[PDB]
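>>> What would the 3D arrangement of this be:
(chains A and B, ligands or ions: 7)
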Amino acid sequence: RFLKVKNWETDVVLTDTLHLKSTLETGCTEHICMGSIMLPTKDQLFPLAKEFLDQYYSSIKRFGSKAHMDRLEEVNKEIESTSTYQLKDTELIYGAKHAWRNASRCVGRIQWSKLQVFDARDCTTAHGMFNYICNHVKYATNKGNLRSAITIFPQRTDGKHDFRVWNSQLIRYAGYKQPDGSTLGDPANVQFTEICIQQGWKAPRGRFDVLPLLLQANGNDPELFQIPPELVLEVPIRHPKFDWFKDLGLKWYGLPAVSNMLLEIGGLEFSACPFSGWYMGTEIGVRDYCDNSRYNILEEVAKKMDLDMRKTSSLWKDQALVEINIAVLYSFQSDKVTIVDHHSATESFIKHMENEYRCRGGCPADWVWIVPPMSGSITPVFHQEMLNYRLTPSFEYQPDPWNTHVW
Amino acid sequence: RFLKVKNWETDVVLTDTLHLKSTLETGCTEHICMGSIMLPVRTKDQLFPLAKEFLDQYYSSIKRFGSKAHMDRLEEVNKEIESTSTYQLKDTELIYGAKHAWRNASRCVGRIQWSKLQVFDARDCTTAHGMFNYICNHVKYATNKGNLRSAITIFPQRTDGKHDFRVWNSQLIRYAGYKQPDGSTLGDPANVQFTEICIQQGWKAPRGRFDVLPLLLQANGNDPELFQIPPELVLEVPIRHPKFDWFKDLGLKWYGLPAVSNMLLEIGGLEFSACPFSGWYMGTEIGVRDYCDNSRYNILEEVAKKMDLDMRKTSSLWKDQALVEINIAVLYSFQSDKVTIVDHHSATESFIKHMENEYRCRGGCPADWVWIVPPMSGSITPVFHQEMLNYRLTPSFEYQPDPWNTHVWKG
Ligand code: HEM
Ligand code: HEM
Ligand SMILES: Cc1cc(CCNCc2ccc3ccc(N)nc3c2)ccc1C#N
Ligand SMILES: Cc1cc(CCNCc2ccc3ccc(N)nc3c2)ccc1C#N
Ligand SMILES: C[C@H](O)[C@H](O)[C@H]1CNc2nc(N)[nH]c(=O)c2N1
Ligand SMILES: C[C@H](O)[C@H](O)[C@H]1CNc2nc(N)[nH]c(=O)c2N1
Ligand SMILES: [Zn+2]
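Numbering: from 1, shown residues only, chains lettered A, B, ... in the order given. Ligands and ions are numbered 1, 2, ... in the order given. You can find the structure just below:
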């Protein structure tokens, strides 16, 4: 019941006690492990509220104070009366920072405490949401010296009045299907790029068109808005060796800003809570550029490098993959946009595990996601045992809004 | 209960029903996942149902379930059990058992080869010298002048746990490791403890960087004995690079036959504590882990200097760039010397096909994603994008404690 984790490269062992707090379920059983699966009322609300307030007040060393008790009372009375309740700013901020801290799939959590929280609970319209988002984008970009942030729109009420950002990231490239069966732009966004067109967007039908925002307020129909171009920082991708690389015509954006997740704090559900940090290089170079069902550029780059693509055993894909990822890091750095490489990022995460085990008694972590999609075993996390479990406050997935929206 | 797995590259979805036959436990609960943890004397009481389960599988596979031959066998085994407290497998059953153990090995990417497996029955072995002989024949057969054949040698099953046969080596062929007084390690650091044991048992160590370790063999619960595999039976490959002519001067080589000798084979409740088996290498085992793990030969630095990479900051990806070349060299070297090897692209592609086949013909294929995905270039292999279910089936290969920790010395 008290669990040990071993790093097999360093022989270092940490004991985990924090998992004994875990509330939610994992999808695994004693019979079957599901670690590689991508997606595995008033009486309900009050224990949730209580668990949260308990940990909040413990976190400030006022556990079992009158302030604690009064607040427990105050929220308890409010749930009874209003069937829901509202978070004090302090609790909202603590809740958001802790949802990040609890994200077992996040390699960048060493940053968790330094998060800018933008309280957008006063928001009422899609225009309002647009304003809030532009301000977030500008703050977080910070002329390429990226700062982490989250903007939080009003909590769910009766589910019929949800705030939702329909995009998966605030900033993403469009995806169009071609007459000749192929796909121009980002294949992962073809369906969303259609819905935008279905609602009125006029697409430049280019390879790298920044998608417009589809913003839904108070359950209403979503509206289109274009992020001012001057607020969308982008990076042209060149290689510090291959002059021909620039001719490939690749760029990517600086701000990774996830907008489709659901934030849960003390039983309350924030269905619109866009957040952002900064990229780890492999996200773009390995996944976005080289995934088969994405921009899939391995062949072209290989041909430009004139590699023997006859046999798999030449490891030409591996060779190219490295070069591509060099270029990504090289470009971002050269243009002074914050980015971290997978070695630096994973090394920091080991340090962060050390801290968390020491000061919190553990750190939930999903090895399958923490280990980068290239060069796995030359990064320290590969050799690091990890325990995966579910802590709250949390970021959770939620259905795409189109499959749910009564128009 | 039916379960669905998805490949997120191809949208292919499969349904698992096979997991329903899983009895053993995973280490996970609905409250915690231990999928990345490395490590998760038997009564006649608990033994017969195991025997029965195994035999029902066996007879189903040969389409004789419910037959008079099936039933007489259950009877035979039952009686033999309650009289002798154990039982003997037929040759047919041992061969089925061995193959299926491999087949059920959820951490093995090479399982498309599972039904092609040479089983050597060594249950008549009684001594360590007898063991050495059987093992030599295994190495010669499996090596086959470079054209590798999968094989396993099966020594007698456990009786009272006091008469175990054990191979003390973790692999039949492996290089020594020597800790120096200056704290540095000469040879393979992973084998320092064992090398010390061998030295202690009288091995005269050449003390070089690639010394093939002597065999340390235990028969019938007796103290282990040392033997030297005939050099002419040990196929090695010097490592060179196709474009970098300085690579040969790095002084690297590796042995050709990966033969794991420290696992335990469970079949029908019986325990085979000595069951060395062998296949052939996937390049990354040597190229990524053996050479580039920090705790192993750790050659990234030296290789990087010689390629003249910018080693001052990690964001040049010098480590990644050297890793690739080292792996190119390993594959190139083996193919040039006509020694069987498979690259990680070919290996993972075939495993996906194998797995798809297993869902059709068998209703599932337990797989451990953490181990199946190669240690380099993960997401440009199809397995990275494949959802997998991981569960335990028997017959199976299990870990067991190192014999030096348990062994009772006779003197
Ligand atoms: C600041 C630097 C950050 C870095 C370097 C970083 C890195 C990463 C990476 C590489 C992933 C895997 C994403 C993927 O492969 O799709 C990830 C996942 C995740 N990150 Fe972080 N992240 C950062 C900031 C943040 C922030 C500010 C939040 C929220 C406040 C956050 C929450 C999450 C969550 C919830 C996941 C899991 C996402 C999912 O399940 O799809 N991260 N992070
Ligand atoms: C024929 C060529 C084969 C290839 C290319 C292959 C490939 C692999 C690889 C790469 C691993 C990961 C090992 C590691 O990273 O430490 C593995 C694991 C494993 N293989 Fe295979 N394999 C082959 C044949 C076999 C055979 C003949 C058997 C037994 C009859 C077998 C049984 C296993 C088992 C039980 C594991 C789990 C390793 C462990 O838990 O220590 N494999 N295989
Ligand atoms: C269901 C699903 C999930 C995902 C994970 C995406 N997660 C992005 C993400 C989230 C948070 C991040 C934080 C920082 C950062 N640099 N990148 C970050 C990237 C991909 C595809 C599907 C599908 N289908
Ligand atoms: C506890 C532990 C376990 C392991 C598993 C090694 N597995 C090797 C292996 C086993 C079977 C193989 C079959 C074929 C092949 N080509 N390589 C194969 C390699 C490694 C290190 C430690 C440690 N410490
Ligand atoms: C099948 C598997 O669960 C899936 O491909 C996962 C693997 N690990 C991942 N790891 C990260 N960081 N991001 C991902 O999208 C995935 N995909
Ligand atoms: C801690 C972690 O489970 C450990 O490093 C595992 C990860 N995946 C692996 N995969 C293979 N094939 N071989 C290994 O030794 C490991 N090690
Ligand atoms: Zn699990």
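>>> Excluding sequence neighbours, find me the nearest residue to the one residue in the stretch 301-407 of chain A that gets nearest to ligand 4.
Of all residues in the stretch 301-407 of chain A, residue A:383 sits closest to ligand 4, at 9.9 Å by Cβ to the nearest ligand atom. Using the backbone N, CA and C atoms, a C-beta is placed for each residue, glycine as well. Excluding its sequence neighbours, the residue lying closest to residue A:383 (Cβ to Cβ, 6 or more residues apart in numbering or on different chains) is residue A:9, at 3.8 Å.
>>> On the three-state scheme, that neighbour is what?
Three-state assignment for residue A:9 (DSSP: H, G, I helix; E, B strand; the rest coil): coil.
>>> and if you look at the one 5 residues further on?
When states are read from three-state DSSP, the local structure at residue A:14 comes out as strand.
>>> That one pairs with what?
With DSSP bridges as the criterion, residue A:14 is bridged to residue A:5.
>>> hang on, it packs against residue A:2?
No. Checked against Cβ atoms under 8 Å, the pair residue A:14 and residue A:2 is beyond contact range at 11.2 Å.
>>> Show me which of the two is the more surrounded one.
Neighbour tally, residue A:14 and residue A:2, criterion other Cβ atoms under 10 Å in any protein chain shown: the higher count belongs to residue A:14, 20 against 9.
>>> For the more buried one, give its distance to residue A:390.
Computed as Cβ to Cβ, to the nearest Å, the residue A:14 to residue A:390 distance reads 19 Å.
>>> With residue A:270 instead?
18 Å.
>>> Show me which of the two is the more surrounded one.
Shown here are residue A:270 and residue A:390; by other Cβ under 10 Å, residue A:270 has more neighbours (27 against 19).
>>> okay, now the residue in the stretch 301-407 of chain A positioned nearest to ligand 3: neighbour count?
Nearest residue of the stretch 301-407 of chain A to ligand 3: residue A:397, at 6.0 Å (Cβ to the nearest ligand atom). Using other Cβ under 10 Å, residue A:397 has 10 other residues around it.
>>> so the residue nearest the centre of chain A bridges to which residues?
The residue lying closest to the centre of chain A (Cα atoms, centre = their mean) is residue A:258, at 4.9 Å. Beta-bridge pairing of residue A:258 under DSSP bridges involves residue A:169, residue A:275.
>>> got the contact list for it?
Residue A:258 makes contact with A:168-169, A:274-276, according to Cβ atoms under 8 Å, 6 or more residues apart in numbering or on different chains.
>>> what about the closest residue to residue A:154 other than its chain neighbours, which SS state?
In this structure, residue A:154 finds its nearest non-sequential neighbour in residue A:121, 5.0 Å apart by Cβ to Cβ, 6+ apart. Using three-state DSSP as the criterion, the local structure at residue A:121 reads coil.
>>> Residue A:121 and residue A:268, how far apart?
In terms of Cβ to Cβ, residue A:121 sits 11 Å off from residue A:268.
>>> Please say which of these two ends up with more neighbours.
Taking neighbours as other Cβ under 10 Å, residue A:121 and residue A:268 compare with residue A:268 leading, 21 against 14.
>>> gap between the more buried one and residue B:315?
Separation of residue A:268 from residue B:315 (Cβ to Cβ): 40 Å.
>>> same deal with residue A:235?
To residue B:315, residue A:235 is 15 Å away according to Cβ to Cβ.
>>> And for residue A:13?
Residue A:13 is 31 Å from residue B:315, where distance means Cβ to Cβ.
>>> tally of neighbours for residue A:41?
A total of 8 residues lie near residue A:41 under the criterion other Cβ under 10 Å.
>>> If you drop the residues flanking it in sequence, what lies closest to it?
Among residues not flanking residue A:41 along the chain, residue A:83 sits closest, at 8.0 Å (Cβ to Cβ, 6+ apart).
>>> Run a quick neighbour tally on the one you found.
Other residues close to residue A:83 by other Cβ under 10 Å number 12.
>>> Do I have it right that it meets residue A:46?
No. Using Cβ under 8 Å, residue A:83 is not in contact with residue A:46; the gap is 10.8 Å.
>>> In contact with residue A:161, which residues?
By Cβ under 8 Å, 6+ apart, the contact set of residue A:161 is A:218-219.
>>> helix/strand/coil for it?
Under the three-state scheme (three-state DSSP), residue A:161 adopts coil.
>>> which ones are touching the residue lying closest to residue A:165 once chain neighbours are set aside?
Computed as Cβ to Cβ, 6+ apart, the closest residue to residue A:165 that is not its neighbour in sequence is residue A:259, at 4.2 Å. Going by Cβ under 8 Å, 6+ apart, residue A:259 touches A:165, A:167-170, A:272, A:274-275.
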